[PDB]
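Every heavy atom of this structure was used, including side-chain atoms; hydrogens, water molecules and symmetry mates were not. Letters A, B, ... are given to chains in the order of the sequence lines, protein chains preceding strands, and every chain is numbered from 1.
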Amino acid sequence: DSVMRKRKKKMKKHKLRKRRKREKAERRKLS
Amino acid sequence: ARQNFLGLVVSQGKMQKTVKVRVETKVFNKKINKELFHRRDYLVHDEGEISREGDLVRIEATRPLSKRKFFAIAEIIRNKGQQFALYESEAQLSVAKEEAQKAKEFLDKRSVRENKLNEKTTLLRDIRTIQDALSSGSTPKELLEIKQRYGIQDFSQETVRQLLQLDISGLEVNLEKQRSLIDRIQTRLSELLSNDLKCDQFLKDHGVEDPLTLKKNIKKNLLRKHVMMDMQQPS
Amino acid sequence: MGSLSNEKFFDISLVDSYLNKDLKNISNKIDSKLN
Amino acid sequence: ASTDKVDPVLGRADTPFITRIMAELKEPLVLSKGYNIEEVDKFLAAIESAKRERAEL
Amino acid sequence: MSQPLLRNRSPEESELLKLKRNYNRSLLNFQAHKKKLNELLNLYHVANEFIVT
Amino acid sequence: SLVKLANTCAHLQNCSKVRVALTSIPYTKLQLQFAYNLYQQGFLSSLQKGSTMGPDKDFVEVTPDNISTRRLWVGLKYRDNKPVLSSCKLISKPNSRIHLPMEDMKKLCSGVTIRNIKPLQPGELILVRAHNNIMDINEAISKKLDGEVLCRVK
Amino acid sequence: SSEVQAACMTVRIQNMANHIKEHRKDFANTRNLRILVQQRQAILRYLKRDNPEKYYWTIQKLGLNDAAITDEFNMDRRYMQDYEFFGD
RNA sequence: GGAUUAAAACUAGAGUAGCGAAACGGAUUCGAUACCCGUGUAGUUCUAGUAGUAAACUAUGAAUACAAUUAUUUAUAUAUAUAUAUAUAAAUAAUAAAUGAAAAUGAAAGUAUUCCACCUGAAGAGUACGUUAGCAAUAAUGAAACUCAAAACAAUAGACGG
Ligand SMILES: [K+]
Ligand SMILES: [K+]
Ligand SMILES: [K+]
Ligand SMILES: [K+]
Ligand SMILES: [Mg+2]
Ligand SMILES: [Mg+2]
Ligand SMILES: [Mg+2]
Ligand SMILES: [Mg+2]
Ligand SMILES: [Mg+2]
Ligand SMILES: [Mg+2]
Ligand SMILES: [Mg+2]
Ligand SMILES: [Mg+2]
Ligand SMILES: [Mg+2]
Ligand SMILES: [Mg+2]
Ligand SMILES: [Mg+2]
């Protein structure tokens, strides 16, 4: 796939990583 | 008639009077348009417990003998499984004997080497006394001992030459005889074939009946068998 | 030359002729010829 | 657990064939490159003897 | 088409073949053995220059 | 070997494309029978036994001493700027062998697709093997023989 | 002959195994050892089919058993721990 | 099924010059959580482990048979009027044929055979849930609903380019 199309997968991966970091943080405070 | 199958015994000695036999049948698979082999394992009754894993057997349908047994062993077509068991037992005994003999031949060789290391006398020195005593006339008792260390009772110039003989020398002469035989056999047959008249005579002289009436291959083999019977039997 | 060589560093020919009764069966032959 | 567990790489420990070959390689006067001491002692003595005979011809 | 595809070796042909093959293996073993002895002789000639004492 | 036969069929197609007049194939009974059928049917100009280096001019008996160096040499035909032997393909493949009864062979020669085998076309040769003998399908039908449908040549 | 090949491989397997026991991180030569052991299994499996009597004689003399030859072998980490290849 | 597997990351103990996430400062800027500069922690190093992921790419699984040329190296062999010449393989480069959506491939992406892996519109999604494994980060496995008549590749002619 072209770079243009790769960039859509890149954005999805970033948003998943951002959400999992956010969830981790909460667990630390809630723990 | 009763349905009979051919299969390979794939399990034995796990159940009492029961063996597992692998039966392969030929079926047509419409989807891939190919005649395939379909495999199934049968639990089979072995009344005499004769079959062994690896055997090729014929199984025949019987009355129900258990929840899952509906066939029995009817004949051992090939007994490779039984052979395996016999050869394994023999191997244990056969190898033990050989290893014992080899262990005794290794300790014997070690003893001889140790004994020789206890004799400070060296071949060179001993061969320098048998060549000085033979050139000076002195006969110290060392020579008598040397006549026992080597067994050389007589001390001559043709006794040191036989104490220092190397096996390579014998090999060189056996190789020349081997080459001679091959070269002679080829020249003899080569010449014989070149002269049909001398060939026909050759065969008759060696006891062939009407060799003239023979084929090239049917007769060249006779010539080859004779040329190799006149250079290997007479020698 | 082989066995009948004058080199200080000879080849196995000399050692082979010795153990094959050649350097001796030739020395006697030469001496017998001289006789 | 009662199965005869033979190491598939090294085999049974103390195999007479494996042990004897190992011992043969560690014998006192074993030589390399295909030479054997017995043949080397006779060959070296033959060189000396052969030289003397060449010095007696 | 009628000719046989293969003619098996006659027992005599197999005997001469075995003689040549045994000779080939034996000659190579002998030639290697003699080469080693010739190298042992050339090493004896120079061992007077080597130090062991 | 059907694999060897597939190799030969592909080899003949490659040689036809470049228009070489003479080529060699492995020396085996199946290969010889295959080539002989093509020769009698007019697909091959010549069929000679030989060696890896070329066809034999004089008869050379084949023995175990030279079997590994034996080859069969076949001459390809070209007329009017077209190869006579354009295509050569197996029907019965190594991984899917097809055995047909004489009744189904007659249907194949009559325009009916049997077991996905396209029917015999005008001027095409379909070879069948029966009891280790190779013959044209029409000859097998004449002899009432059942056999493996090996290949089709056009 | 398969018996000779197995014996020749045995010598090299024994030597290569000794090397690995002193060079446990030499994965390149561990891979070579694995392949050589598997090659010996293949040659002996053929021997069992070709000459069963010789096969059983050969494996007995080499110190192996039928299971060691016929069973699938990968010389994996569990093997190195179950037979204490490296000791401790 | 097994083994090995970059970088980052983690466990334990050593090491720590230089480099350098982060953090704290200096600049730039309308703003500058940046690009540039300073101080520089983890890390980068070694030992013993965990983990098994990369654009882990030739984006091209492995094996076998086969097909037209040239050039250039390499290797082996042969010869001599001894330094070249003649052979046979391999590698690489450019090609014929053939193949292909074309770009191109070229001894395969050709002609064939055998075996394995994998794919079936886009998005949702390599996500959710469950499970297995790991100290952990995570890794493997891996959907459906809803919505749409799209979506993608090669090539062509333009336009534009700090
Ligand atoms: K019962
Ligand atoms: K540091
Ligand atoms: K790359
Ligand atoms: K694969
Ligand atoms: Mg893709
Ligand atoms: Mg193998
Ligand atoms: Mg640390
Ligand atoms: Mg900085
Ligand atoms: Mg690991
Ligand atoms: Mg990942
Ligand atoms: Mg991946
Ligand atoms: Mg890489
Ligand atoms: Mg391979
Ligand atoms: Mg995941
Ligand atoms: Mg494009």
Student: Given the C1' atoms of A59(H) and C10(H), what is the spacing between them in whole Å?
Tutor: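 About 32 Å, rounded to a whole number of Å.
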
Student: Should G126(H) be tagged north or south? The rule is the sign of the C1'-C2'-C3'-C4' torsion.
Tutor: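 Negative torsion, so south.
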
Student: Across all strands, who's sitting opposite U76(H) as a Watson-Crick or G-U wobble pair, both distances under 3.5 Å?
Tutor: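 Across all strands, the one nucleotide that pairs with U76(H) is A87(H).
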
Student: Taking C148(H) first: does it form a Watson-Crick or wobble pair with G121(H), both atom distances below 3.5 Å?
Tutor: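 Result yes; both H-bond distances under 3.5 Å.
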
Student: Hey, can you check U39(H) for me, is the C1'-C2'-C3'-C4' torsion putting it north or south?
Tutor: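 Since its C1'-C2'-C3'-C4' torsion is positive, the sugar of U39(H) is on the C3'-endo, or north, side.
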
Student: Read from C1'-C2'-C3'-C4', is the pucker at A109(H) north or south?
Tutor: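 Judging by the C1'-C2'-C3'-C4' torsion, which comes out negative, the sugar of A109(H) sits south.
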
Student: Using purine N1 to pyrimidine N3 plus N6-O4 or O6-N4 for Watson-Crick, or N1-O2 and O6-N3 for G-U wobble, each under 3.5 Å, what pairs with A145(H)?
Tutor: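 Paired with no nucleotide.
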
Student: Taking atom P in both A104(H) and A51(H), compute the distance separating them and give it to the nearest angstrom.
Tutor: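 About 48 Å, rounded to a whole number of Å.
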
Student: Rounding to an integer number of angstrom, what distance separates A143(H) and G130(H) when you compare their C1' atoms?
Tutor: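 Straight-line distance between the two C1' atoms is 11 Å.
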
Student: Given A55(H), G2(H), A67(H), identify the nucleotide with an atom nearest to the side chain of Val3(A).
Tutor: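 Nearest nucleotide to the side chain: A55(H).
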
Student: Using Watson-Crick or G-U wobble geometry with both distances under 3.5 Å, which nucleotide pairs with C46(H)?
Tutor: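 Across any shown strand, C46(H) pairs with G13(H).
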
Student: Assess whether ring-ring contact (aromatic ring centres under 6.0 Å, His included) is satisfied between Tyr79(G) and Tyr83(G), documenting all intermediate values.
Tutor: CA-CA 6 Å; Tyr79(G) 157 81; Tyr83(G) 294 87; 5.2 Å; yes

Student: Do the numbers put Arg24(G) on top of the ring of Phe86(G), so that NZ or CZ is under 6.0 Å from the six-membered ring centre and no more than 45° off the axis?
Tutor: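 Yes - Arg24(G) lies over the ring of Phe86(G), closer than 6.0 Å to its centre and within 45° of its axis.
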
Student: With the threshold set at 4.0 Å, does a side-chain nitrogen-carboxylate oxygen contact exist between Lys48(G) and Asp66(G)?
Tutor: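 Salt bridge between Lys48(G) and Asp66(G), a charged N being under 4.0 Å from a carboxylate O: yes.
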
Student: Are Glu24(B) and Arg40(B) close enough for a salt bridge, meaning some N to O gap below 4.0 Å?
Tutor: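 Judged by the 4.0 Å cut-off on N to carboxylate O distance, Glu24(B) and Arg40(B) do not form a salt bridge.
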
Student: Rounded off to whole Å, could you give me the CG-to-P distance for the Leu22(F) and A67(H) pair?
Tutor: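 The answer, rounded to whole Å, is 12 Å.
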
Student: If pairing requires Watson-Crick or G-U wobble contacts with both distances under 3.5 Å, which nucleotide is the partner of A159(H)?
Tutor: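 None - no nucleotide pairs with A159(H), as no candidate has both distances under 3.5 Å.
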
Student: Measure from NZ or CZ of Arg31(G) to the centre of the six-membered ring of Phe27(G), then state whether that distance is under 6.0 Å and the direction lies within 45° of the axis.
Tutor: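 No; the conditions do not both hold, so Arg31(G) does not lie above the ring face of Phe27(G).
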
Student: Taking protein heavy atoms under 4.0 Å as touching, what does nucleotides 112-128 of chain H look like 5' to 3' if B marks base contact, S marks sugar-phosphate-only contact and - marks none?
Tutor: SSSS--------SSSSS

Student: Taking atom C1' in both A151(H) and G124(H), what distance in whole Å separates the two?
Tutor: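 Going atom to atom, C1' in each nucleotide, I get 15 Å.
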
Student: May I ask you to say whether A125(H) and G126(H) are base-stacked, judged by six-membered ring centres under 5.5 Å apart and ring planes under 30 degrees?
Tutor: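 The answer, once centre distance and plane angle are checked, is that they do not stack.
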
Student: Do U41(H) and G40(H), which sit next to each other in the strand, have six-membered ring centres within less than 5.5 angstrom and planes differing by under 30°?
Tutor: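 No, unstacked.
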
Student: For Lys15(A), answer base if it contacts any base atom (sugar-phosphate contacts may also be present), sugar-phosphate if it contacts only those atoms, and nothing otherwise; contact means non-hydrogen atoms under 4.0 Å.
Tutor: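 If one applies the 4.0 Å heavy-atom cut-off, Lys15(A) turns out to touch nothing in the nucleic acid.
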
Student: Check whether the six-membered base rings of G52(H) and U53(H) have centres under 5.5 Å apart and planes under 30 degrees from each other.
Tutor: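 Stacking does not hold for this pair.
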
Student: If you measure from the P atom in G110(H) to the same atom in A103(H), how many Å do you get, rounded?
Tutor: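 My reading of the P atoms in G110(H) and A103(H) gives 16 Å.
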
Student: Between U141(H) and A128(H), how many Å separate the two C1' atoms, rounded to a whole number?
Tutor: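 That atom pair is separated by 14 Å.
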
Student: Would you say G110(H) pairs with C35(H) if a pair means Watson-Crick or G-U wobble with both distances under 3.5 Å?
Tutor: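 They are not paired, because the relevant distances do not both stay under 3.5 Å.
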
Student: Would you please test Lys21(G) and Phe85(G) for side chain to side chain contact (heavy atoms under 4.5 Å, CB included) and show each step?
Tutor: CA-CA 7 Å; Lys21(G) 289 180 176 176; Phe85(G) 189 87; 3.4 Å; yes

Student: Hey, are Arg7(E) and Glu13(E) close enough for a salt bridge, meaning a charged N less than 4.0 Å from a carboxylate O?
Tutor: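 Salt bridge present between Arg7(E) and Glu13(E).
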
Student: Please determine if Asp56(F) and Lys49(F) form a salt bridge, counting it only when a charged side-chain N lies under 4.0 Å from a carboxylate O.
Tutor: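 Between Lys49(F) and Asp56(F) there is no salt bridge, as every charged N stays at least 4.0 Å from the carboxylate O atoms.
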
Student: Is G43(H) paired with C19(H), either Watson-Crick or G-U wobble, both distances below 3.5 Å?
Tutor: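 Yes.
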
Student: Let me spell it out: for each of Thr8(F) and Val20(F), pick the nucleotide of RNA chain H with the closest heavy atom. Which residue's pick is nearer the 5' end?
Tutor: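 The 5'-side residue here is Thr8(F).
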
Student: Taking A104(H) first: does it form a Watson-Crick or wobble pair with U99(H), both atom distances below 3.5 Å?
Tutor: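 Both donor-acceptor distances below 3.5 Å, so yes.
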
Student: Between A65(H) and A6(H), how far is it from one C1' atom to the other, in whole Å?
Tutor: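 Rounded to whole Å, the distance is 39 Å.
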
Student: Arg78(G) near the nucleic acid: base, sugar-phosphate alone, or nothing, with a heavy-atom cut-off under 4.0 Å?
Tutor: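 No contact.
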
Student: When the P atoms of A8(H) and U45(H) are compared, how many Å lie between them, rounded to an integer?
Tutor: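 The same atom, P, in both gives a distance of 6 Å.
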
Student: With a 3.5 Å distance limit and no angle check, can you tell me whether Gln121(F) reaches the backbone of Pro119(F) through a side-chain donor-acceptor pair?
Tutor: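 Yes.
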
Student: Between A27(H) and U4(H), is there a Watson-Crick or G-U wobble pair with both distances below 3.5 Å?
Tutor: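 No, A27(H) does not pair with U4(H).
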
Student: In Watson-Crick or G-U wobble terms, both distances under 3.5 Å, what is the partner of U127(H)?
Tutor: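 For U127(H), the partner nucleotide comes out as none, under the 3.5 Å rule.
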
Student: Would the distance check show the side chain of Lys26(B) and the main-chain N or O of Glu35(B) forming a donor-acceptor pair, the cut-off being under 3.5 Å?
Tutor: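 Yes.
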
Student: Base rings of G158(H) and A159(H) under 5.5 Å apart and under 30° in plane angle?
Tutor: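 The answer is yes; the two bases are stacked.
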
Student: Here, do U72(H) and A137(H) pair up as Watson-Crick or G-U wobble, each distance under 3.5 Å?
Tutor: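 Between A137(H) and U72(H) there is no Watson-Crick or G-U pair with both distances under 3.5 Å.
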
Student: Can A112(H) and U156(H) be counted as a Watson-Crick or G-U wobble pair, both distances below 3.5 Å?
Tutor: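 So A112(H) is not base-paired to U156(H).
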
Student: RNA chain H: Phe27(G) or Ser2(A), which has the more 5' nearest nucleotide?
Tutor: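 Whichever sits nearer the 5' end wins; that is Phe27(G).
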
Student: If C1'-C2'-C3'-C4' is positive it's north, if negative it's south, so which is the sugar of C115(H)?
Tutor: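 It's north.
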
Student: For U73(H) and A62(H), is it a pair or not, if I count Watson-Crick and G-U wobble only and require both distances under 3.5 Å?
Tutor: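 No; nothing between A62(H) and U73(H) satisfies the definition, which requires both distances under 3.5 Å.
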
Student: Considering every strand shown, what is the Watson-Crick or G-U wobble mate of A55(H) when both distances are under 3.5 Å?
Tutor: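 None - no nucleotide pairs with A55(H), as no candidate has both distances under 3.5 Å.
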
Student: Taking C1'-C2'-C3'-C4' positive as north and negative as south, where does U92(H) sit?
Tutor: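 The sugar ring of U92(H) falls in the north range (positive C1'-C2'-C3'-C4' torsion).
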
Student: Answer yes when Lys20(B) and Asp41(B) have at least one side-chain N-carboxylate O distance shorter than 4.0 Å, and no when they do not.
Tutor: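 Judged by the 4.0 Å cut-off on N to carboxylate O distance, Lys20(B) and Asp41(B) do not form a salt bridge.
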
Student: Pairing defined as Watson-Crick or G-U wobble with both contacts under 3.5 Å. Yes or no for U39(H) and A23(H)?
Tutor: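 Pairing holds for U39(H) and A23(H), meeting the Watson-Crick or G-U definition.
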
